[PDB]
Amino acid sequence: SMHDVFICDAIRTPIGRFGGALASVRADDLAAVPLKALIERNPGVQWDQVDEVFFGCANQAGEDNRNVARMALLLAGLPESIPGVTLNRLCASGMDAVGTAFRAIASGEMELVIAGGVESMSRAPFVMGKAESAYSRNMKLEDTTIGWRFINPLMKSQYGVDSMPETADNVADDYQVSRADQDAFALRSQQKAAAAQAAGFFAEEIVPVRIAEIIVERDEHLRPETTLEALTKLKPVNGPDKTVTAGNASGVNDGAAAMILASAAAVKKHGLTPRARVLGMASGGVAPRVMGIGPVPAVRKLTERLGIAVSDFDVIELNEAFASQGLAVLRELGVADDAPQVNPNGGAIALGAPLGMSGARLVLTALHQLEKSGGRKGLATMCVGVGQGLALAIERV
Amino acid sequence: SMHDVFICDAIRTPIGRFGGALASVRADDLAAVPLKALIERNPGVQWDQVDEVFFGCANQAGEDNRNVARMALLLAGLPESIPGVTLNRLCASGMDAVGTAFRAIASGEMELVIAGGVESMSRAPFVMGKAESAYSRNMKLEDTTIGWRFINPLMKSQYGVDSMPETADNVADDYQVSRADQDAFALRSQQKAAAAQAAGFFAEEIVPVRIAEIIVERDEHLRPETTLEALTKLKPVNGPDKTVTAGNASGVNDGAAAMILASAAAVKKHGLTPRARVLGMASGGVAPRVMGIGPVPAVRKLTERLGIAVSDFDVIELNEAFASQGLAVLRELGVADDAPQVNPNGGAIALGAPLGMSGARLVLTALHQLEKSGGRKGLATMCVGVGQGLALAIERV
Amino acid sequence: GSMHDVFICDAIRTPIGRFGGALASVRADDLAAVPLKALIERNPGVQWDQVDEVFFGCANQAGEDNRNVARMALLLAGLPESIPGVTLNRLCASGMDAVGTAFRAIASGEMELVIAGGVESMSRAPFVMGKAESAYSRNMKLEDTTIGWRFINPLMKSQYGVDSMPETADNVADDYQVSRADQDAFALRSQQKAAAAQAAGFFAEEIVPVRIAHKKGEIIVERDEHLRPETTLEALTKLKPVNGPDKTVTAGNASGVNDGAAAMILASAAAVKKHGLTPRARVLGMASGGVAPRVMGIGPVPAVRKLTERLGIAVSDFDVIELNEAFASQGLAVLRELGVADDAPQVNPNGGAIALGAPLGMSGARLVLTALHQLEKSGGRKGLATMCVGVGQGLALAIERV
Amino acid sequence: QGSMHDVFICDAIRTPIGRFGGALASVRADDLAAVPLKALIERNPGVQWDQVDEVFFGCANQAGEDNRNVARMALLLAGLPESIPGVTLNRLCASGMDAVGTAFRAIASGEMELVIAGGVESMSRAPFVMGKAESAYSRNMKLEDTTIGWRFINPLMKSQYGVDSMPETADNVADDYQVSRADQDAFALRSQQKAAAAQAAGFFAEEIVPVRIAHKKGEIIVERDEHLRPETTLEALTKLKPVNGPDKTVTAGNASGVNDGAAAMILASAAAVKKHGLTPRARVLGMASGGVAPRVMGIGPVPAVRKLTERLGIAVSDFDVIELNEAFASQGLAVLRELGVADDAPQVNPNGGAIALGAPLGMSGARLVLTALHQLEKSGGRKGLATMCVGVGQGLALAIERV
Ligand SMILES: *SCCNC(=O)CCNC(=O)[C@H](O)C(C)(C)COP(=O)(O)OP(=O)(O)OC[C@H]1O[C@@H](n2cnc3c(N)ncnc32)[C@H](O)[C@@H]1OP(=O)(O)O
Ligand SMILES: *SCCNC(=O)CCNC(=O)[C@H](O)C(C)(C)COP(=O)(O)OP(=O)(O)OC[C@H]1O[C@@H](n2cnc3c(N)ncnc32)[C@H](O)[C@@H]1OP(=O)(O)O
Ligand SMILES: *SCCNC(=O)CCNC(=O)[C@H](O)C(C)(C)COP(=O)(O)OP(=O)(O)OC[C@H]1O[C@@H](n2cnc3c(N)ncnc32)[C@H](O)[C@@H]1OP(=O)(O)O
Ligand SMILES: *SCCNC(=O)CCNC(=O)[C@H](O)C(C)(C)COP(=O)(O)OP(=O)(O)OC[C@H]1O[C@@H](n2cnc3c(N)ncnc32)[C@H](O)[C@@H]1OP(=O)(O)O
Ligand SMILES: [Cl-]
Ligand SMILES: [Cl-]
Ligand SMILES: [Cl-]
Ligand SMILES: [Cl-]
Ligand SMILES: [Cl-]
């Protein structure tokens with residue numbers, strides 16, 4: 001029979017800007033920061049009993065290569081007996097790590113696990129295919145920071161290779177999400193994040209990154225100075241007849257997060273504090289060219305299976321890849337554009353979105369918000385490049 | 001409460017040599033080959049019901065970048081509504097995809113899934129770190145084909161960054177596995193593989209790869225003319241006092257594989273043939289410098305939990321990354337060096353080892369051997385770079 | 001006080017290989033050294049520590065030809081470390097510039113005995129990557145240096161354009177009204193004449209072979225690889241233009257990209273006597289000219305006019321004209337501007353770069369040495385070699401057989 | 001055969017010399033080379049520019065934005081007519097001096113009348129290079145830095161002659177010629193002191209045209225050489241660590257640096273001087289080159305100077321200025337000692353040299369010729385010698401006479 005699974009302690013680094021405060025920190029070292037903090041914060045745990053470290057990471061070409069979960073656990077000082085595995089569902093990878101950890105415990109195969117994710121987009125490398133012939137004249141370098149590389153002509157002909165901003169424009173057009181509404185959403189994100197930062201809400205989630213000594217402690221991507229007037233003046237990324245701008249989109253960023261999941265038996269054995277029970281995770285696919293609407297089938301699949309209406313959640317943490325798609329998703333699910341339970345502390349337009357980290361951040365910040373507000377059920381959901389969505393539901397204990 | 005999970009149809013490409021028969025085939029296209037074959041071979045399936053495609057891939061920097069599972073299912077012609085996720089546990093990735101798919105169905109979250117793996121080591125790209133400073137003089141290209149890149153000094157100082165063949169020499173030394181015994185094992189691998197090829201055993205597992213037209217239909221890596229005399233003449237990789245040679249080690253290779261897993265209800269609805277029930281998966285960690293011994297703790301953990309003795313398995317598919325470690329593993333588990341149930345059709349010394357594919361191949365070939373021999377329980381297990389092992393048990397229906 | 005006479009003595013070249021072909025395995029520096037080693041073997045009366053300078057032409061200099069390939073080559077060839085070397089770059093005219101620069105050094109009395117030559121390994125030309133301009137730059141790019149533009153300056157493009165070499169040849173065909181049919185007929189004559197000269201052993205007299213290692217033993221590369229002796233007018237007419245259906249330049253009426261090296265000794269009269277050399281021609285002079293980049297193939301016209309005006313020699317007075325065949329369109333346009341018939345018997349009598357290939361840095365040295373070889377075989381007196389240059393130049397050099 | 005023609009250096013100008021990654025690092029090498037050419041146009045309105053016979057430019061690298069004959073790229077960018085030809089010369093650090101002497105030979109032999117000679121290097125912007133694959137799916141691809149020194153090493157070169165770095169050659173010169181760390185540091189200090197004094201006196205300002213640099217709120221100008229360390233003391237030099245390890249003598253403080261800059265000058269026959277209203281400033285007497293073992297390349301000037309002075313029948317002691325390239329204090333001192341000139345002889349580098357000023361490879365030799373002439377003007381001296389070392393074992397020397 002199935003086992004209940006509890007999220008326990010959870011922690012994250014600050015999120016850095018591209019080329020900013022964390023740009024010097026290798027991805028594997030960055031991933032190790034939250035793992036080391038979990039060790040320090042949870043002295044009752046017998047660490048050689050960790051069954052697995054599951055980490056999300058979208059890139060894996062740079063210093064996050066060759067299974068960054070295992071690299072990170074060894075750099076964190078966890079025993080060499082502890083296994084690790086790295087998951088890739090692009091911007092959803094960190095959420096997938098939590099849900100995969102959940103499934104491993106629920107199915108009785110493990111008792112005590114760490115789930116998290118990482119991305120260093122600053123340090124994403126360039127890649128060069130091998131020569132396909134002697135003295136080939138066709139060598140090319142490609143940036144892996146974000147988006148398409150090594151484009152397959154068959155993918156392009158069948159589905160297109162729209163950039164992520166192009167897809168967000170496509171959602172704005174197809175779902176009729178105005179520029180004005182996008183900018184209003186982006187402003188609320190900045191305003192709510194600024195409030196939460198000043199209130200110390202993010203500080204409770206954050207462990208500092210030491211750079212050897214400089215100490216990085218605050219989320220750097222926020223623009224509390226944002227006004228509607230300033231957003232209105234920005235030019236769309238893809239031309240004047242379009243709507244997505246740098247100001248109504250998330251950024252490219254660096255960060256890591258991690259949390260402990262445990263069975264009821266492991267909670268007691270390790271002296272953990274159970275904070276939420278995981279209820280379930282679901283995934284859904286959509287057309288690549290409207291990848292931002294991906295959350296809608298994921299949320300519907302998960303909520304229909306669990307028998308929970310979207311309106312039953314006390315917090316919804318909806319990834320803000322682009323305001324156009326966040327608004328489109330809310331509208332498809334029948335939730336108001338400014339519904340109080342949605343992103344109450346702001347989201348990725350203010351905070352940034354290091355791909356592999358962001359899904360683990362959404363879960364842990366949803367739990368944090370449930371604790372602050374005394375709410376019960378929380379939903380975290382996010383879109384995925386090339387047309388998917390992922391949704392995960394928790395309940396505060 | 002937990003749900004039974006069945007492996008149904010399974011298929012793979014042939015395994016190509018580095019720069020050989022499949023070197024022209026992009027990893028995403030190669031992954032799509034077994035997916036398209038599963039469609040052809042399973043006409044009762046309603047394909048928009050597939051809940052997830054899980055695929056193993058160790059590299060993810062090349063044409064396998066950005067979640068090859070999803071790229072591959074789209075290229076295969078599967079509906080865009082089907083989600084996919086890519087797993088990385090180095091050489092164990094494909095086995096992890098199977099076990100992860102299993103946990104998703106056992107826990108009641110899914111009903112019908114595809115699990116598999118891919119690697120194109122021929123086409124693994126070079127990588128180049130970003131400049132850390134304007135006008136940096138420290139740019140560098142690294143090969144991603146196999147092994148360490150972007151070495152972390154903290155990893156080197158504490159754990160070492162031994163190459164995989166160095167770790168195999170370390171295992172040979174620490175576990176006293178002689179050169180003569182390694183060569184005897186390598187010879188049996190080539191003999192058994194040559195016999196299985198001739199009997200049409202691999203042909204039953206293989207779907208051809210069509211290259212624009214050349215049809216690739218046979219495993220390319222086999223050396224059926226191998227003699228003990230020829231292996232004896234070979235020079236060790238790591239110098240004259242070492243024992244691991246190119247003749248007693250797996251190679252660098254290209255290939256892909258995939259299989260269907262389903263709940264009993266999905267078996268019925270989609271007219272599938274249930275072929276084995278998945279019993280469980282376990283992982284284990286060891287010192288990186290002796291990563292070849294990693295299957296030992298994985299196998300022990302799995303069999304202790306299931307209450308199955310290693311001697312109860314009718315087939316053991318033990319990954320042959322190196323003869324030294326295959327022998328060491330067998331000896332620690334109390335199984336003879338030439339036990340008839342171990343790798344009865346040969347293994348990666350003869351067949352090659354595209355990292356992300358190999359673990360999916362071991363599961364499907366274990367099941368295939370059970371059907372041919374009338375055996376009941378099968379074990380597949382393998383080591384993992386940087387010191388892990390993975391083990392998965394199945395039972396023919 | 002007076003200038004000194006300057007004599008070309010021995011000259012030798014490698015065969016010309018195709019891109020990725022017979023010489024593709026040979027490093028550009030090693031390749032440059034092959035004709036130098038042959039000059040040493042062929043001229044045993046020379047006191048080698050009296051060579052004043054080695055001048056070598058090389059258009060690329062980013063690969064194994066980097067950091068002054070003249071000096072690398074002379075060291076690799078076994079010449080004494082006391083001999084200086086300098087590398088010249090005027091793109092496809094580099095090797096001719098090395099000869100004329102060597103000539104000027106002796107004529108002005110500053111040197112007595114020199115080697116001039118040129119090299120290119122276009123097979124082995126590397127890729128180049130600019131440095132990052134900022135920390136964590138997302139703007140890194142590789143560019144091929146085999147031929148043509150890289151690191152384009154926006155100011156060059158806006159003022160002069162950055163037409164590819166074949167585009168410039170189509171521009172010459174358009175502006176100077178040179179038909180596809182005439183281009184193809186010229187290319188056919190080049191192939192026919194080169195096939196005839198190869199059969200006659202004419203190229204063999206110029207060539208030192210290059211030894212290459214195979215798995216089972218060694219082979220010798222002895223023959224120019226680029227020739228297409230089977231070429232016919234029908235074969236040329238079927239080819240598609242490089243730049244699209246309304247254009248005229250094809251791979252069959254254009255030079256190729258190729259590998260090779262060449263070198264020759266130049267000496268004052270006193271050095272000829274002292275070192276036991278055989279003087280073969282006197283150098284008369286060299287001139288350079290500029291034109292619009294976008295019609296760079298017409299470059300030889302002002303160069304030839306400048307040289308012949310200064311020397312007081314009519315173009316029709318030359319017994320051989322070696323005119324580089326970068327493209328049939330520009331070869332024809334130059335001949336027409338100069339009042340020479342498209343098929344005049346004294347022009348390219350042994351064929352040219354359409355048949356033979358054109359390793360940039362080597363080609364100008366080959367044109368001088370082959371003009372001299374042709375004068376000797378034919379009993380001619382004066383020879384003119386001239387060639388075009390990317391980004392709009394011409395170079396011309398005149399000699400007179402002794 | 002007719003008579004040789006006398007050759008005159010006329011106007012000459014240069015950019016400031018920028019540090020690596022410093023004031024001129026944003027400026028492409030081809031645009032940088034165009035800066036002194038545009039200034040020569042502005043400064044000499046008497047000249048009929050379509051009569052320039054050739055632009056000769058030195059450049060050691062030629063793989064970056066200086067590719068494909070930077071002399072021709074630069075003259076077109078400078079606004080000179082497309083009828084003017086150009087050619088680029090490469091003798092590494094001597095390239096710019098080679099341009100001047102090559103221009104001299106072309107006019108002396110009667111082949112030209114009016115020419116520009118100069119040199120450029122942007123070592124900041126020197127690219128990386130990558131050889132082509134020799135085989136399909138090759139696993140052996142490599143990037144190499146072209147900023148300075150060996151790349152694409154030939155095993156035959158290494159076996160026979162070695163592939164010592166330039167600082168390693170300077171250590172080899174210190175060892176074999178017995179040039180002490182103390183003497184090297186004393187030489188380096190004198191270079192900084194003399195350069196500081198010349199800068200303050202406005203001496204470099206007379207040679208310099210400013211370079212304009214893009215900036216977000218309006219372009220800025222670079223007016224001054226950036227490399228100078230006027231506050232250097234003997235104590236600071238004494239404390240530096242050697243480049244090549246603890247027991248050696250060459251340091252960053254007694255070596256030239258890696259730098260950016262360009263320079264150019266006009267050379268003309270007597271007839272061209274008249275026709276174009278130019279001021280003849282010096283006659284070029286001659287140039288000579290010499291080779292030495294690669295491993296002690298810094299001693300290259302010795303055979304070059306001896307060859308030149310023997311032919312011209314001028315003693316080293318007859319020169320009123322000697323501009324000796326300061327690639328390394330160790331080689332500078334060794335050369336002087338071999339030539340019988342005191343380590344601190346007043347006519348040697350009176351305004352300092354490359355240790356203080358820096359050394360963009362292609363530019364340096366053009367700078368040495370123009371600064372030698374400048375110094376002869378200031379001092380009233382007659383004959384000047386400029387000479388320098390060349391990587392892989394060469395030296396180049398060029399002599400001029402004022403008026
Ligand atoms: S799950 C998350 C998945 N990840 C993504 O999809 C990542 C999406 N983000 C991106 O790809 C980029 O961040 C995009 C949206 C393409 C924007 O990048 P660009 O390169 O086009 O633009 P910049 O980042 O250079 O920004 C352009 C200018 O906009 C200004 N700006 C940003 N935000 C604001 C606000 N709030 N107010 C005013 N201005 C704002 C930037 O400062 C920049 O100005 P400059 O003057 O050019 O520096
Ligand atoms: S889960 C699996 C994880 N992956 C690994 O750990 C992969 C380990 N493998 C490797 O990294 C390489 O395969 C190693 C072991 C380093 C060897 O690489 P090579 O590139 O040297 O491999 P080749 O196939 O080219 O073989 C080397 C030479 O040995 C000869 N040889 C091999 N096997 C035999 C047999 N059975 N009989 C005779 N000769 C044999 C090869 O032919 C080759 O000889 P050459 O003359 O060099 O062609
Ligand atoms: S001073 C020298 C300056 N140098 C230059 O400007 C160099 C100019 N040359 C080039 O850049 C290239 O050589 C151009 C003109 C761009 C063409 O390059 P390609 O790589 O296309 O050339 P190939 O010869 O490899 O291929 C062209 C195809 O045409 C066929 N072909 C050529 N010539 C003939 C003749 N005489 N007869 C029949 N066919 C011919 C080639 O065989 C080839 O056909 P494939 O079917 O592709 O083999
Ligand atoms: S014809 C000319 C041919 N060209 C050459 O041979 C060029 C040779 N030069 C080089 O390759 C480099 O310049 C070498 C000699 C290798 C040194 O390179 P660096 O990159 O180390 O140079 P820096 O300018 O960074 O100097 C290193 C440190 O030394 C300190 N330092 C130098 N000079 C002084 C003086 N005069 N006084 C005090 N300190 C000095 C630099 O400040 C620097 O200190 P950091 O704290 O590391 O910046
Ligand atoms: Cl991405
Ligand atoms: Cl992002
Ligand atoms: Cl071109
Ligand atoms: Cl250099
Ligand atoms: Cl200098």
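Remember, it's 1-based here, ligands and their atoms both numbered in the order they're listed. Just so it is clear: chains get the letters A, B, ... in the order the sequence lines come, proteins before strands, and each one is counted from 1.
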Check the pair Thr371(D), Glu323(D) against side chain to side chain donor-acceptor pair (under 3.5 Å), reporting the backbone distance first and the verdict last. CA-CA 8 Å; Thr371(D) 205; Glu323(D) 278 291 327; 4.9 Å; no
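- When the side chain to side chain contact (heavy atoms under 4.5 Å, CB included) test is applied to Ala185(C), the partners found at least two apart in sequence or on another chain are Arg189(C).
- Just one of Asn89(C), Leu91(C), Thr145(C), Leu360(C) meets the side-chain contact (heavy atoms from CB on, under 4.5 Å) condition when paired with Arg68(D); it is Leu91(C).
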Pairs of nitrogen or oxygen atoms, one from ligand 4 and one from the protein, closer than 3.5 Å: please tabulate them with distances.
| unit_1 | atom_1 | unit_2 | atom_2 | d |
| --- | --- | --- | --- | --- |
| ligand 4 | 9 (N) | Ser256(D) | O | 3.0 |
| ligand 4 | 13 (O) | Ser256(D) | O | 3.3 |
| ligand 4 | 24 (O) | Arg229(D) | NH2 | 3.1 |
| ligand 4 | 33 (N) | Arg229(D) | NE | 3.4 |
| ligand 4 | 36 (N) | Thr232(D) | OG1 | 3.1 |

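- Heavy atoms of other residues, nucleotides or ligands lying less than 6.0 angstrom from CD of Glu234(C) number 12 at most.
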Throw together a table of side-chain donor-acceptor distances under 3.5 angstrom for residues 385-393 of chain C, partners on residues two or more places apart or in other chains.
| unit_1 | atom_1 | unit_2 | atom_2 | d |
| --- | --- | --- | --- | --- |
| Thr386(C) | OG1 | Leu395(C) | O | 2.8 |
| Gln393(C) | OE1 | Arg90(C) | NH1 | 3.0 |
| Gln393(C) | OE1 | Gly86(D) | N | 2.9 |
| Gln393(C) | NE2 | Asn69(D) | OD1 | 3.2 |
| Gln393(C) | NE2 | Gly86(D) | O | 3.0 |

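- In terms of the side chain to side chain contact (heavy atoms under 4.5 Å, CB included) criterion, residue partners of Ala359(D) (sequence neighbours excluded) are, by chain and number, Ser256(D), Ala354(D), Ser364(D).
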